[PDB]
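Notes follow once the structure below has been shown.
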Amino acid sequence: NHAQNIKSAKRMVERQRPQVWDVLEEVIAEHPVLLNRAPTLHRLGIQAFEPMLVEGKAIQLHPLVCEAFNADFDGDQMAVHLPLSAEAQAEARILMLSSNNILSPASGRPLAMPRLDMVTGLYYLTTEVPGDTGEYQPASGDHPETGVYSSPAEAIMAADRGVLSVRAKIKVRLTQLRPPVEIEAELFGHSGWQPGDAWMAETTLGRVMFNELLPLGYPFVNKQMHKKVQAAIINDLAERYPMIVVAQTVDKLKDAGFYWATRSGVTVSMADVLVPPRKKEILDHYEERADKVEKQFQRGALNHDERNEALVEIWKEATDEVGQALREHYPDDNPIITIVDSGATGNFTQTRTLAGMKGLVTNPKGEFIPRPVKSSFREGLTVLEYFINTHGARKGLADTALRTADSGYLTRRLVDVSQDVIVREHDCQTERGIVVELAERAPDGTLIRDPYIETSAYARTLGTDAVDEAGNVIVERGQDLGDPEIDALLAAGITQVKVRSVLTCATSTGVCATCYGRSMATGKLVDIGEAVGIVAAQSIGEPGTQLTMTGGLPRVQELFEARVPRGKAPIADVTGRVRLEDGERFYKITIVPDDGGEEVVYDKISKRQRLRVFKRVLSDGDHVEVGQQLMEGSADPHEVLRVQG
Amino acid sequence: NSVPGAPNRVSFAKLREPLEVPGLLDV
Amino acid sequence: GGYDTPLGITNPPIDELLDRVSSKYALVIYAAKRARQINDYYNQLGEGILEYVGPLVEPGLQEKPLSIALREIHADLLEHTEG
Amino acid sequence: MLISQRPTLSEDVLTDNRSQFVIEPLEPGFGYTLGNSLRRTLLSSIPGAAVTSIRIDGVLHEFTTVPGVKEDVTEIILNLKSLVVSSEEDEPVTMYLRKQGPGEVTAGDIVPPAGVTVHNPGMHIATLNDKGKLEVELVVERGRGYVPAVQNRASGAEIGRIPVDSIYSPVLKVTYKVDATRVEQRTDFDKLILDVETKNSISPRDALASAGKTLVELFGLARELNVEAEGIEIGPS
Amino acid sequence: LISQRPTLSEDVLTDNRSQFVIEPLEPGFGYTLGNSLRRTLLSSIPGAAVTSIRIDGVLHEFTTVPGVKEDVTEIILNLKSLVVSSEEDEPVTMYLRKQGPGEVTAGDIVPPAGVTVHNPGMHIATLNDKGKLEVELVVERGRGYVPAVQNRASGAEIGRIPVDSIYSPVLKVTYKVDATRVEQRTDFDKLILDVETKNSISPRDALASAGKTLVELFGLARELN
Amino acid sequence: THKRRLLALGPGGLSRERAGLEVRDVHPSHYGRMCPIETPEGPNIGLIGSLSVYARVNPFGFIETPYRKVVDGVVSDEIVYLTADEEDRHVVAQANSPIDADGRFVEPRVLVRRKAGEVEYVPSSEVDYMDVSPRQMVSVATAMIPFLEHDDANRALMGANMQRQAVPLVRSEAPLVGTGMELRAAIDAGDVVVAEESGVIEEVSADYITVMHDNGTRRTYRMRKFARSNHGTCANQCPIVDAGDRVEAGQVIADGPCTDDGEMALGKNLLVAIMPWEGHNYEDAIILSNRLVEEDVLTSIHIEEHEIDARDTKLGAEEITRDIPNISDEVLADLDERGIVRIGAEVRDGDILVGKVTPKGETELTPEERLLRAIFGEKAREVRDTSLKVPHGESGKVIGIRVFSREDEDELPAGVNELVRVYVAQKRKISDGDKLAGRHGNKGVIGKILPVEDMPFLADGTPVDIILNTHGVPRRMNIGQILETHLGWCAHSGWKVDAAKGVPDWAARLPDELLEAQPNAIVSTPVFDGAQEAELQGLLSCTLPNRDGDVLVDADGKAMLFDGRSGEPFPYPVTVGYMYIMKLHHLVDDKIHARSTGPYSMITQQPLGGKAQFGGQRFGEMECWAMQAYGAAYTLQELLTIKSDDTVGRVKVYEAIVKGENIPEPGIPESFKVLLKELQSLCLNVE
Amino acid sequence: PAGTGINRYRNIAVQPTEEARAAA
Amino acid sequence: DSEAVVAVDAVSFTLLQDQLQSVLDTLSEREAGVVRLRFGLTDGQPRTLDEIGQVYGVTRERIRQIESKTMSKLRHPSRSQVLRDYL
């Protein structure tokens, strides 16, 4: 009873009677909205959130989703939509909820993994500094050791009083945390009963308080929270635990990260940017080398382009020497190096341009200016050096604008091709599947891990059973190919695994499910309606802006377009020993066929192409393969289709 | 300097430039 | 096992919910059609009665019907066939 | 002044001595004023007793070797640190832990003298493995807060009496946080979410009452300058 | 333990500022105590400020007065730094009458009883031979900061120019501890607090009001059992 | 800086989409002839460059650049204006070149600009021209960013675009640290009334200044108080002189919008700590103290214009009056006896400004409408109320009633009998979301305005104003703002270096009457000849205390902060100082924009977007892709039928909501039927 | 026809268990 | 599109129709029939009092007396505040 029709209610809404906020809270409770940043590069660009009323006029947004949205707070605006139907509210509530989308569609890594402030706070909270206050010493002569605590709460009171620094080494006795696997298994009979455990650990207080954020079922960590270590931790949490525990853990991690981001004291002072004391002598010696090169060109002993290249090599080596001297000069408590060394953000080269040397700045064309900028940004540039730097700055901004436009076009083409590949069947049940390399060994006898296992061999359903010299069938047909089975096959030593894939899915209408393997968004198997074409197109087209440019994004763009490469490195057509021969401005390399066939002539092999080194360098009379690349460079896809099937 | 109602803005200007800034809207 | 208590829109936990359905799409349409039935029952409460059953869970004070359907699915009082 | 929105207090009981309190709604941002204050006063104002120094038979200088037992001297020290004792006398009283023969030792196995008591008597302290006899002297006084061990000047005369720290606070761990209750009708009011775990000596409610008493007596100092000053007052209950 | 009641003392430096040294306090506790008194003093001391004015010559905030050098909004920004303490919870009005050239000080306000301008030499505006300043000001109690109350939230006429108001007799508050912390565990903190008021009340009165409010609030944790 | 822009390609030139990046790069003859820093940062990078500082246009339409000619090592004072041709005929030395204080250099090997766009070292005999000064290559706006030589070109680009986006505050206080360009930049921008002829003030006022010249004559100078600019902001002109003041020719007599005391002032000077605070300053967010809100330090004024007209029509003529059909006197209680609102009437959203009524005609009614009219006895009210209503969000007092009439014989458009414009102004306080920035492109919206008690306060009791983020400083390479912060603290507290040894070694090239300084004294670091590291740290050594003996900032530059929230001191000291920040024209109410159900389009049936309307959001193509990728079919169907184009579906959606019933099935979208009718109209049988 | 729109998921009949109908 | 569906007034009109049907339900049978056939609310055709007396078997002056009775009955603000809201 606040209006006798909808018209009285409408004028109540316009005239804003103060009960309407209570009614608004009533209608808002459990009613998710959609959020949306400007251009939606990928599927995580639209999420769903339960709203809550906030004074002011700006959308308060949770800080852990700005990584997924790619939305910094420099004045960027986000649109808000709203579902109305019961079906639409269910779709937004279960599917597009924020906590349900933590992992990538691309690589399955968590995108809600914390960053700059949270990562720096956790890094300060989990680093260990020796000689800190309240440190455990094992010194027990007349005095005892004075470094042990029965409880982390006792340690907390000892830190609240000015006794314990949180990064000091201590020996507490934890009763509510799982010890790491060694101490647990050696302490009792594999029943890691961390409710009833009672065990000691020589750690920091900070790592104890940090592992209090993690679940009880998780073991202890006892490490220093680099960003890669936190990525591995949230990966293990997501692939082992339900996603709600991952969401609550990530939320607790954010709060502790901010609370220790304040206390970390990472400021920036002009005294906190130190220049190396032996910088000037380094620049003096390399200036002597540069002056010798300049005198050598002044004699006419070499050409102008070659002395440009000589100065380029000299100043690149000089810049790298400056970077090494700065690396050894800085201590780790320096906040500028602490930010990078945590892995919060930034490369070392930003610190090198801050203090040290700017280096070599590019031409407008892309060439290198032979005069290096020998002054740091802390020392202040001069006018000509600023005029030199402006070229690269302007070209970088123009490249960024063109790159986001071209990435939009590439995603347009990819969505318009792959929009009709959805999962339609549970199993096409062929045996046809590709073979994956999966950690080819070392000649000393070591099954050394291939780098691109987590991009290729992960998350796929095995079409073949895994057997070890027909001993034990170690992994059956149709396992997910996650971590422990990969470790098992690595221990077994077998490498080539004929896994199923969508390149050989026997279903016609789209692809089946087992040939698609594990969904990256869930970690479970893909459901039977998920449009993996659009997921694939968005995951390919999204990070193209970070592609830094024959090679680069146009090279990627022509690669899908099946274009002819301009640096068309040739291939063999048959086996046999080569007739390597170099003509006049372009080479004339023939190949003796090993079979009954003709001596295959290759005519236009220009001087910019080089002999492919493989196995040692290419030589004349080297026995070639069927479709082995003649020169090292870009092979066309159309003829390598026509050769190698 | 050289403007009557200018506030006393002290400068770190080591270089003494003889040319004054032009009449900016002369273009 | 012992994880936490949820609050707000994530109650009941959807990872627990997905043990009770094949796909999450089936979960979506499950909850949606139950919510349409609950909403029509609330519309049919002013008029006479028919077989449109009410909220099998004792609902909240002022609850959205979708949440009642979600808690009903989590309580496993319902049953469903695919297409 | 009238606060116009009376804050409440609900003793919401979790597991027995880990009650959680809320105070809501509050004037912005008074939750941050009083939550830190209540946390520090819960921590470092309540009297209570723990062991201060210990004299052990057999333990002379190596601090590592005790015959007949499986426990370590450091483990002895932290187990005796984790021992609730409620004195009622403002003086250092002594205790004597005596146990002969092989066997495991609990906390109640010590003889408590008058005025003190052991609240977790089934708490195991020691494990005498074979044919060991134990004679440990234990000095307990009551105090406030938490204080590290007195060093080898005052606690170095009696070479048997080696010191420990003292968890004098009956509470153990206190956390607190704020919220954003009713930002439009009540216009950005806070809810301080207190959460306190004590030992089995006193209750969290009792500790809250004692801290409120000591704090209001502390601010009686500032109030006893001009009582006829206009403050900000809720009024009734 | 240490068994001595904590003691409050006083130290006057100037008129509108003074020091208050408290001793002895528990270790690691003087900081929180000084911060609690700081957050009380800086925010929640009841006082009084101007609320809305009315000049006869103008109708709204964004115009001029023929005869003065500043305008209405500049006089508003000058008048927001007025300090005046009432004793009556009703909104009283004062008046300001002026003619002829010269600076219009704040001391030329004729107030009613109960209110007292503590900054007489505050220059409000200046006038010429055609100058004519005539304005009434509405003083009102309060605490904290309050926004400019809207004239549709009120019902008043076009003469009212709603001003913001800052009822805060405090001006500047700091605290600093002296943790003694001897190696005999008779360790205590000696909180040395410094308040500075903007001449409306004395720092003793401001601190007594703040401590009274905290006495009121801390019984809420205490006197429910 | 909207004057003195050079547009590189446009009408009579290349198209923007047609031009590549060869135009967009900076040719090495731009030095002194076009600023490489200042450009738009959007797609128009490098196409719109401003003029330089000392540049001068030839009669032939070429860009001359002045040069001091150097003869036999002696750099003369014969300033020669040179085009690019005579630039390329010669070689040109730099201003950072050690002269002998008599014309000649002291080092024979000098930096120089080779005429092929190269840099060489040269014997000090062959150079024939030198630059007139530093900062010759920089813009006007970019000449006002101090410590530019430490900054990066990208953040300098953002700062130079950020300079000409500030709004004029109500106080308009001058920066404590600037360059030497603020003063001349103010008095040449024209927005400051200058004392034309040297005289004495006869009478000051608030609207006019009667100067009395030295020979009889008088002159008034009418101030434009509260003029509306082209972007809503105020253009006040407060006079700066008094009654008996003798002025000179070319003297500032009245500050304009963003001017203090003569020189330029785009913002205020503010205390700032560089700590990361509680995640509220996360990813380039800024927090502020509440002292800015309460003390009106950051407060603009937005004079907004509403305008309605009284035309004639086929059914008669529209009229402006008090009489509005089916309306109460409660909403009518503010407007005057003839329809307009009076001066000073405070309005809100959805009030009436101009009561305007047009002849509706006479239509047949619904029988229910007829029955309600018969019950209540009211007539048809045959004239349609289409009155001007103040639209959504806008409020504030009504300043001016600009009203014209055809019957008053002014010139008017064809058919308009009366034109009335109403100026409303709101005094916008600062708020969360308002885009703030420094002078180095270190922008960021206001994350949260904290109350002043739980704001990290300096150890004497001073609370800081804003708190930036640390991590936005190093990886953007704009530590010009940190140097500016240190120098701002130095110039705030004041200094006096020791004279016992006279000049300490760092203070050698430091010019005189700078060895001491009173507090709150402004200084100016020029662009490429300013402060250095050694001078700054040595000046930061002696930094005389506040009122007591309290050196609040160490020689490192940091300070110890007690936490206003918790109470403990922060365990490491934090860099503080007085940064000079501004408030930009990207305020929240310019942007916050929502719609449930408003106006629609005409040809298509879509909701008409745009903040001038209620306005939807363009649910674009990639959003359709993403919601396809979730597999959410139903929400996509809603978004493309019954929130967009299902005409009969939309009213059924509204009916089902307000009846509380289930949302009906989406029908066929209107745009598809439009496509079907077009394809049938192209002689294609679309079965 | 991708996700919720496909015919295996769109045509779900939802009705409570007959035990649950006996609960009220 | 100022000649389009304003879409809150349409559902307002439907709700007004239903509330008006309730208000006519609160009166007698002859009264409801007289008002409905008078203003044509049930069909779209406003008949006159002579037609209502033709279908009712009574004088048209009786229909006018019934009309005055019903309009006096309608003009209770206690009855028709809910319809005063609808304009």
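Order of writing sets the labels: A, B, C, D, E, F, G and H. Residues in every chain begin at 1.
We adopt the following convention: a residue touches a chain if its C-beta (ideal position, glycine included) is under 8 Å from a C-beta of that chain, and two chains touch if they have at least 3 such contacts.
A.B. asks: Following contacts chain by chain, what is the lowest number of steps it takes to reach subunit H starting at subunit F?
C.D. replies: Minimum number of steps from subunit F to subunit H: 1.
A.B. asks: Determine the set of chains touching subunit B that also touch subunit H.
C.D. replies: Expected: F.
A.B. asks: Sort the chain pairs by how many C-beta pairs are in contact and tell me the top one.
C.D. replies: After counting contacts between each pair of chains, the winner is A-F.
A.B. asks: Which chain, with its centre taken as the mean C-alpha position, is closest to the global C-alpha centre?
C.D. replies: Here the chain at the core of the arrangement is F.
A.B. asks: Which one of the chains is farthest from subunit C, going by Cα centres?
C.D. replies: For subunit C, the chain whose C-alpha mean is farthest off is B.
A.B. asks: How many angstrom lie between the centres of subunit C and subunit F, each centre taken as the mean Cα position?
C.D. replies: Centre separation, subunit C to subunit F: 52 Å.
A.B. asks: Please compute the C-alpha centroid of subunit C, do the same for subunit H, then give the distance between them in whole Å.
C.D. replies: A distance of 44 Å separates the two centres.
A.B. asks: If you average the CA atoms of subunit B and of subunit F, how far apart do the two points sit, in angstrom?
C.D. replies: 26
A.B. asks: Could you state the distance in Å from the CA-based centre of subunit D to that of subunit G?
C.D. replies: Once rounded, the distance between the two centres reads 56 Å.
A.B. asks: Would you give the residues of subunit A that are in contact with at least 2 other chains, written as numbers and ranges?
C.D. replies: 6, 85-87, 91, 95, 160-161, 527-531
A.B. asks: Spell out, as numbers or ranges, the residues of subunit D touching 2 or more other chains.
C.D. replies: 29, 32, 36, 40, 145, 147, 151
A.B. asks: If you look at subunit B, which of its residues touch at least two other chains?
C.D. replies: There are none in subunit B.
A.B. asks: With touch defined as at the top, which chains are paired up in contact here?
C.D. replies: So, checking each combination of chains, I get A-C, A-D, A-E, A-F, A-G, A-H, B-F, C-F, C-G, D-E, D-F, E-F, F-G, F-H as the touching pairs.
A.B. asks: In the complex, go through subunit G and note every residue touching subunit C.
C.D. replies: The contact residues of subunit G facing subunit C are 3-4, 6-17, 19-21, 23-24.
A.B. asks: Would you tell me which residues of subunit G are touching subunit F in their complex?
C.D. replies: By the definition above, subunit G touches subunit F via 1-5, 10.
A.B. asks: Which stretch or stretches of subunit A touch subunit C in the complex?
C.D. replies: So the residues of subunit A touching subunit C come out as 26, 29-32, 50, 85-87, 89-91, 93-95, 97, 99-100, 215-217, 241-245, 247-248, 527-529.
A.B. asks: What residues of subunit A sit close enough to touch subunit G in their complex?
C.D. replies: 87, 91, 422, 527-531
A.B. asks: State the interface residues of subunit H toward subunit A in the complex, per the touch definition above.
C.D. replies: So the residues of subunit H touching subunit A come out as 8, 11-12, 15-16, 19, 81-82, 85-86.
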